[PDB]
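Dumped protein_25.pdb below, it's PDB, N, CA and C atoms:
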ATOM      1  N   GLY O  16     -38.784 -74.874  21.984
ATOM      2  CA  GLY O  16     -39.541 -76.084  21.680
ATOM      3  C   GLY O  16     -41.025 -75.904  21.976
ATOM      4  N   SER O  17     -41.853 -76.774  21.397
ATOM      5  CA  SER O  17     -43.283 -76.550  21.445
ATOM      6  C   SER O  17     -43.830 -76.541  22.870
ATOM      7  N   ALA O  18     -43.369 -77.401  23.766
ATOM      8  CA  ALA O  18     -43.933 -77.428  25.127
ATOM      9  C   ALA O  18     -43.677 -76.142  25.913
ATOM     10  N   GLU O  19     -42.472 -75.586  25.794
ATOM     11  CA  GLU O  19     -42.137 -74.385  26.526
ATOM     12  C   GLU O  19     -42.907 -73.203  25.946
ATOM     13  N   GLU O  20     -42.978 -73.152  24.624
ATOM     14  CA  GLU O  20     -43.663 -72.062  23.914
ATOM     15  C   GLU O  20     -45.140 -72.086  24.309
ATOM     16  N   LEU O  21     -45.702 -73.279  24.398
ATOM     17  CA  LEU O  21     -47.117 -73.415  24.718
ATOM     18  C   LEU O  21     -47.375 -73.039  26.167
ATOM     19  N   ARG O  22     -46.522 -73.429  27.110
ATOM     20  CA  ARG O  22     -46.687 -72.998  28.486
ATOM     21  C   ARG O  22     -46.636 -71.460  28.612
ATOM     22  N   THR O  23     -45.723 -70.820  27.893
ATOM     23  CA  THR O  23     -45.629 -69.361  27.912
ATOM     24  C   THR O  23     -46.957 -68.757  27.472
ATOM     25  N   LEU O  24     -47.568 -69.310  26.428
ATOM     26  CA  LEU O  24     -48.883 -68.809  25.992
ATOM     27  C   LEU O  24     -49.936 -69.056  27.049
ATOM     28  N   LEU O  25     -49.925 -70.239  27.662
ATOM     29  CA  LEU O  25     -50.891 -70.563  28.717
ATOM     30  C   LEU O  25     -50.766 -69.628  29.896
ATOM     31  N   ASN O  26     -49.556 -69.143  30.141
ATOM     32  CA  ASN O  26     -49.362 -68.283  31.306
ATOM     33  C   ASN O  26     -50.082 -66.946  31.153
ATOM     34  N   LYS O  27     -50.455 -66.583  29.926
ATOM     35  CA  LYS O  27     -51.238 -65.364  29.671
ATOM     36  C   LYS O  27     -52.728 -65.620  29.527
ATOM     37  N   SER O  28     -53.155 -66.869  29.569
ATOM     38  CA  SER O  28     -54.545 -67.179  29.228
ATOM     39  C   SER O  28     -55.582 -66.595  30.172
ATOM     40  N   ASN O  29     -55.317 -66.612  31.475
ATOM     41  CA  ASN O  29     -56.313 -66.050  32.398
ATOM     42  C   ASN O  29     -56.437 -64.529  32.282
ATOM     43  N   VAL O  30     -55.310 -63.869  32.040
ATOM     44  CA  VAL O  30     -55.283 -62.444  31.795
ATOM     45  C   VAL O  30     -56.131 -62.132  30.550
ATOM     46  N   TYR O  31     -55.912 -62.861  29.459
ATOM     47  CA  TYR O  31     -56.680 -62.616  28.261
ATOM     48  C   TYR O  31     -58.155 -62.935  28.480
ATOM     49  N   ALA O  32     -58.469 -63.960  29.260
ATOM     50  CA  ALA O  32     -59.877 -64.279  29.539
ATOM     51  C   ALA O  32     -60.552 -63.159  30.299
ATOM     52  N   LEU O  33     -59.844 -62.530  31.231
ATOM     53  CA  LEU O  33     -60.397 -61.366  31.943
ATOM     54  C   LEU O  33     -60.656 -60.207  30.983
ATOM     55  N   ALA O  34     -59.677 -59.868  30.147
ATOM     56  CA  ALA O  34     -59.836 -58.813  29.172
ATOM     57  C   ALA O  34     -61.005 -59.094  28.226
ATOM     58  N   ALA O  35     -61.173 -60.361  27.888
ATOM     59  CA  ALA O  35     -62.222 -60.802  26.985
ATOM     60  C   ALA O  35     -63.600 -60.601  27.578
ATOM     61  N   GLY O  36     -63.695 -60.347  28.876
ATOM     62  CA  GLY O  36     -64.986 -60.055  29.477
ATOM     63  C   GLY O  36     -65.585 -58.779  28.920
ATOM     64  N   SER O  37     -64.763 -57.918  28.316
ATOM     65  CA  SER O  37     -65.260 -56.712  27.653
ATOM     66  C   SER O  37     -65.847 -56.967  26.262
ATOM     67  N   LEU O  38     -65.734 -58.183  25.733
ATOM     68  CA  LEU O  38     -66.097 -58.529  24.364
ATOM     69  C   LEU O  38     -67.159 -59.607  24.313
ATOM     70  N   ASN O  39     -67.575 -59.966  23.092
ATOM     71  CA  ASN O  39     -68.556 -61.043  22.865
ATOM     72  C   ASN O  39     -68.084 -62.300  23.558
ATOM     73  N   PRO O  40     -69.010 -63.105  24.109
ATOM     74  CA  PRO O  40     -68.618 -64.368  24.766
ATOM     75  C   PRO O  40     -67.751 -65.322  23.947
ATOM     76  N   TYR O  41     -67.746 -65.215  22.622
ATOM     77  CA  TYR O  41     -66.880 -66.023  21.780
ATOM     78  C   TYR O  41     -65.440 -66.012  22.278
ATOM     79  N   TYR O  42     -64.931 -64.835  22.652
ATOM     80  CA  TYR O  42     -63.513 -64.721  22.907
ATOM     81  C   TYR O  42     -63.097 -65.546  24.122
ATOM     82  N   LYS O  43     -63.791 -65.369  25.228
ATOM     83  CA  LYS O  43     -63.473 -66.158  26.414
ATOM     84  C   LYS O  43     -63.679 -67.652  26.190
ATOM     85  N   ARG O  44     -64.745 -68.044  25.513
ATOM     86  CA  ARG O  44     -64.949 -69.477  25.341
ATOM     87  C   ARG O  44     -63.912 -70.103  24.419
ATOM     88  N   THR O  45     -63.360 -69.332  23.476
ATOM     89  CA  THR O  45     -62.277 -69.828  22.645
ATOM     90  C   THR O  45     -60.983 -69.989  23.469
ATOM     91  N   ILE O  46     -60.725 -69.027  24.337
ATOM     92  CA  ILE O  46     -59.602 -69.173  25.242
ATOM     93  C   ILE O  46     -59.761 -70.418  26.133
ATOM     94  N   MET O  47     -60.952 -70.628  26.703
ATOM     95  CA  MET O  47     -61.166 -71.740  27.641
ATOM     96  C   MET O  47     -61.050 -73.080  26.958
ATOM     97  N   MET O  48     -61.562 -73.181  25.723
ATOM     98  CA  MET O  48     -61.390 -74.393  24.937
ATOM     99  C   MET O  48     -59.905 -74.706  24.753
ATOM    100  N   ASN O  49     -59.140 -73.684  24.410
ATOM    101  CA  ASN O  49     -57.739 -73.933  24.155
ATOM    102  C   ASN O  49     -56.896 -74.083  25.391
ATOM    103  N   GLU O  50     -57.352 -73.587  26.535
ATOM    104  CA  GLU O  50     -56.712 -73.925  27.790
ATOM    105  C   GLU O  50     -56.813 -75.406  27.995
ATOM    106  N   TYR O  51     -58.006 -75.946  27.802
ATOM    107  CA  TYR O  51     -58.218 -77.380  27.977
ATOM    108  C   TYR O  51     -57.357 -78.194  27.020
ATOM    109  N   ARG O  52     -57.370 -77.825  25.743
ATOM    110  CA  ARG O  52     -56.634 -78.586  24.739
ATOM    111  C   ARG O  52     -55.134 -78.477  24.986
ATOM    112  N   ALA O  53     -54.643 -77.293  25.330
ATOM    113  CA  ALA O  53     -53.200 -77.098  25.608
ATOM    114  C   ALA O  53     -52.754 -77.901  26.808
ATOM    115  N   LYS O  54     -53.518 -77.836  27.890
ATOM    116  CA  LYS O  54     -53.117 -78.555  29.096
ATOM    117  C   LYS O  54     -53.120 -80.044  28.881
ATOM    118  N   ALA O  55     -54.101 -80.559  28.158
ATOM    119  CA  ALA O  55     -54.151 -81.990  27.853
ATOM    120  C   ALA O  55     -53.019 -82.397  26.934
ATOM    121  N   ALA O  56     -52.696 -81.562  25.959
ATOM    122  CA  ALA O  56     -51.625 -81.867  25.009
ATOM    123  C   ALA O  56     -50.288 -81.917  25.715
ATOM    124  N   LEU O  57     -50.062 -80.998  26.633
ATOM    125  CA  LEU O  57     -48.818 -81.044  27.418
ATOM    126  C   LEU O  57     -48.731 -82.334  28.238
ATOM    127  N   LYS O  58     -49.803 -82.708  28.909
ATOM    128  CA  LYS O  58     -49.798 -83.866  29.798
ATOM    129  C   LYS O  58     -49.563 -85.170  29.027
ATOM    130  N   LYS O  59     -49.979 -85.204  27.765
ATOM    131  CA  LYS O  59     -49.812 -86.394  26.924
ATOM    132  C   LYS O  59     -48.560 -86.325  26.032
ATOM    133  N   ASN O  60     -47.873 -85.192  26.081
ATOM    134  CA  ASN O  60     -46.771 -84.897  25.166
ATOM    135  C   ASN O  60     -47.166 -85.094  23.723
ATOM    136  N   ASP O  61     -48.346 -84.574  23.371
ATOM    137  CA  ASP O  61     -48.910 -84.753  22.047
ATOM    138  C   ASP O  61     -48.508 -83.541  21.221
ATOM    139  N   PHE O  62     -47.483 -83.680  20.387
ATOM    140  CA  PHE O  62     -46.912 -82.568  19.621
ATOM    141  C   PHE O  62     -47.910 -81.996  18.628
ATOM    142  N   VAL O  63     -48.773 -82.832  18.073
ATOM    143  CA  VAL O  63     -49.740 -82.376  17.069
ATOM    144  C   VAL O  63     -50.745 -81.452  17.773
ATOM    145  N   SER O  64     -51.260 -81.872  18.933
ATOM    146  CA  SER O  64     -52.201 -81.055  19.695
ATOM    147  C   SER O  64     -51.505 -79.845  20.273
ATOM    148  N   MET O  65     -50.239 -79.949  20.685
ATOM    149  CA  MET O  65     -49.501 -78.796  21.216
ATOM    150  C   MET O  65     -49.399 -77.747  20.137
ATOM    151  N   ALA O  66     -49.073 -78.139  18.900
ATOM    152  CA  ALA O  66     -48.941 -77.176  17.827
ATOM    153  C   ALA O  66     -50.272 -76.501  17.525
ATOM    154  N   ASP O  67     -51.344 -77.253  17.517
ATOM    155  CA  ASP O  67     -52.670 -76.730  17.206
ATOM    156  C   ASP O  67     -53.082 -75.720  18.278
ATOM    157  N   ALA O  68     -52.828 -76.035  19.540
ATOM    158  CA  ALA O  68     -53.194 -75.135  20.636
ATOM    159  C   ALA O  68     -52.353 -73.876  20.604
ATOM    160  N   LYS O  69     -51.079 -73.984  20.255
ATOM    161  CA  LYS O  69     -50.225 -72.828  20.138
ATOM    162  C   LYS O  69     -50.776 -71.889  19.085
ATOM    163  N   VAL O  70     -51.114 -72.407  17.907
ATOM    164  CA  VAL O  70     -51.629 -71.575  16.832
ATOM    165  C   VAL O  70     -52.960 -70.946  17.254
ATOM    166  N   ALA O  71     -53.816 -71.705  17.897
ATOM    167  CA  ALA O  71     -55.130 -71.187  18.274
ATOM    168  C   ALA O  71     -55.011 -70.094  19.314
ATOM    169  N   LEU O  72     -54.184 -70.287  20.313
ATOM    170  CA  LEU O  72     -53.981 -69.259  21.329
ATOM    171  C   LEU O  72     -53.347 -68.003  20.731
ATOM    172  N   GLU O  73     -52.311 -68.137  19.915
ATOM    173  CA  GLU O  73     -51.730 -66.979  19.246
ATOM    174  C   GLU O  73     -52.799 -66.238  18.450
ATOM    175  N   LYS O  74     -53.661 -66.966  17.765
ATOM    176  CA  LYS O  74     -54.687 -66.357  16.925
ATOM    177  C   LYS O  74     -55.683 -65.558  17.795
ATOM    178  N   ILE O  75     -56.206 -66.164  18.865
ATOM    179  CA  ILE O  75     -57.225 -65.488  19.675
ATOM    180  C   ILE O  75     -56.619 -64.301  20.447
ATOM    181  N   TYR O  76     -55.376 -64.400  20.908
ATOM    182  CA  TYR O  76     -54.742 -63.279  21.583
ATOM    183  C   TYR O  76     -54.577 -62.116  20.615
ATOM    184  N   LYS O  77     -54.158 -62.375  19.376
ATOM    185  CA  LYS O  77     -54.000 -61.320  18.362
ATOM    186  C   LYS O  77     -55.349 -60.680  18.069
ATOM    187  N   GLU O  78     -56.402 -61.483  17.927
ATOM    188  CA  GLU O  78     -57.747 -60.950  17.674
ATOM    189  C   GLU O  78     -58.192 -60.020  18.800
ATOM    190  N   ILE O  79     -57.963 -60.435  20.035
ATOM    191  CA  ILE O  79     -58.363 -59.644  21.185
ATOM    192  C   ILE O  79     -57.553 -58.364  21.237
ATOM    193  N   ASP O  80     -56.247 -58.443  21.049
ATOM    194  CA  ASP O  80     -55.411 -57.258  21.018
ATOM    195  C   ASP O  80     -55.885 -56.274  19.933
ATOM    196  N   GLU O  81     -56.205 -56.770  18.755
ATOM    197  CA  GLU O  81     -56.575 -55.887  17.660
ATOM    198  C   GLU O  81     -57.915 -55.226  17.907
ATOM    199  N   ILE O  82     -58.869 -55.899  18.530
ATOM    200  CA  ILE O  82     -60.143 -55.232  18.829
ATOM    201  C   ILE O  82     -59.918 -54.159  19.892
ATOM    202  N   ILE O  83     -59.185 -54.504  20.941
ATOM    203  CA  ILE O  83     -59.025 -53.609  22.086
ATOM    204  C   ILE O  83     -58.133 -52.406  21.729
ATOM    205  N   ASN O  84     -57.167 -52.585  20.837
ATOM    206  CA  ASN O  84     -56.233 -51.512  20.505
ATOM    207  C   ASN O  84     -56.704 -50.568  19.383
ATOM    208  N   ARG O  85     -57.661 -50.990  18.559
ATOM    209  CA  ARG O  85     -57.981 -50.280  17.306
ATOM    210  C   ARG O  85     -59.370 -49.631  17.294
TER     211      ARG O  85
END

Spell out the structure here as structure tokens.
Amino acid sequence: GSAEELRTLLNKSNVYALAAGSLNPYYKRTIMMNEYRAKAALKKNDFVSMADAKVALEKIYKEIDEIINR
């Protein structure tokens, strides 16, 4: 379900923010924005915001992985 999936993504957010210190400031600030949006969406049980934060976090983690790995 969306809440559990989103918490799992959040559990990697600080790790990804540290890794993002090697890259343009865009990456960390995108992670931090979505930490805020994800945490607020969970607290309100807002499924629309939970889905948006899930997609955004998946997207930024993939971007960071692809820069660092390639």

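You will find CA of residue 37 (chain O) at 26.8 Å from atom N of residue 67 (chain O).
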
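Atom pair atom C of residue 20 (chain O) / CA of residue 40 (chain O): separated by 24.7 Å.
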
Skip residue 35 (chain O) itself and residues of its chain fewer than 6 positions away, then list as a compact mmCIF listing (two decimals) with N, CA and C atoms, in the coordinates of the input all residues within 8 Å of it, counting only C-alpha atoms.
# COMPACT_ATOMS: atom_id res chain seq x y z
N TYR O 42 -64.93 -64.83 22.65
CA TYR O 42 -63.51 -64.72 22.91
C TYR O 42 -63.10 -65.55 24.12
N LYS O 43 -63.79 -65.37 25.23
CA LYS O 43 -63.47 -66.16 26.41
C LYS O 43 -63.68 -67.65 26.19
N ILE O 79 -57.96 -60.44 20.04
CA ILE O 79 -58.36 -59.64 21.18
C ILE O 79 -57.55 -58.36 21.24

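The space separating CA of residue 66 (chain O) from CA of residue 17 (chain O) comes to 6.7 Å.
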
With all atoms of region 20-30 of chain O from the file as input, state the centre and edge lengths in Å to one decimal of the axis-aligned box that has 6 Å extra on each side, as lines of an AutoDock Vina configuration file.
center_x = -49.7
center_y = -67.8
center_z = 28.2
size_x = 25.5
size_y = 23.3
size_z = 20.5

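Within 9 Å of the point (-52.5, -66.1, 22.3), and counting only C-alpha atoms, the protein, DNA and RNA residues are residues 24, 25, 27, 28, 31, 46, 69, 70, 71, 72, 73, 74, 75, 76, 77, 78 and 79 of chain O.
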
(request) May I ask which of the residues O:21, O:53, O:33, O:38 is the closest one to residue 82 (chain O), counting only C-alpha atoms? (result) O:38

(request) Identify, with DSSP run on backbone atoms, the residues in chain O assigned to alpha helix (DSSP H), and express the list as a ChimeraX atom specification. (result) /O:17-25,28-34,40-59,62-84

(request) Would you mind listing what lies within 7 Å of residue 18 (chain O) as a PyMOL selection string, with only N, CA and C atoms counted and same-chain residues fewer than 5 positions away left out? (result) chain O and resi 23+57+65
